[PDB]
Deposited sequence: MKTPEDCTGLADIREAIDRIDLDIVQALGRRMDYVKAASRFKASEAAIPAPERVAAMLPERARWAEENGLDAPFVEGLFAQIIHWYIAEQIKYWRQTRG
């Protein structure tokens, strides 16, 4: 994939963004599959995770607050899904 500076037009940009978004989706897909795995083995967890992701956003030129909110969103869905999967 061309680097953003190597891109020669909107088409490159759009496809790059499509590939990246799809990677995110698949990553989320593999992420939720670990719910099944976890079952065969506290908010304290969320408390630890969010600040680590906030650091990661920083290291990637992103706005920490926004990135943090996304994962709280993602993490709460995963937890709830765990309980839901629990009641197979």
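TODO: Would you flag the ranges of the deposited sequence that the structure leaves without C-alpha positions?
DONE: Several regions go unmodelled: 42-49, 97-99.
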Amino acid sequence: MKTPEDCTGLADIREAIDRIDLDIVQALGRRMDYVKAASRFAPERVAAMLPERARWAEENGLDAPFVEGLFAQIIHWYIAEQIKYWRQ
From here on, numbers count along this sequence of modelled residues.
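- [ ] State which stretch shows the higher mean Cα B factor in the entry: 48-56 or 24-32.
- [x] Looking at the record's C-alpha B-factors, the answer is 48-56.
Open item on the list: If you average the CA temperature factors as listed in the entry, which stretch comes out higher, 12-20 or 62-70?
Closed with: Mean C-alpha B-factor is greater for 62-70.
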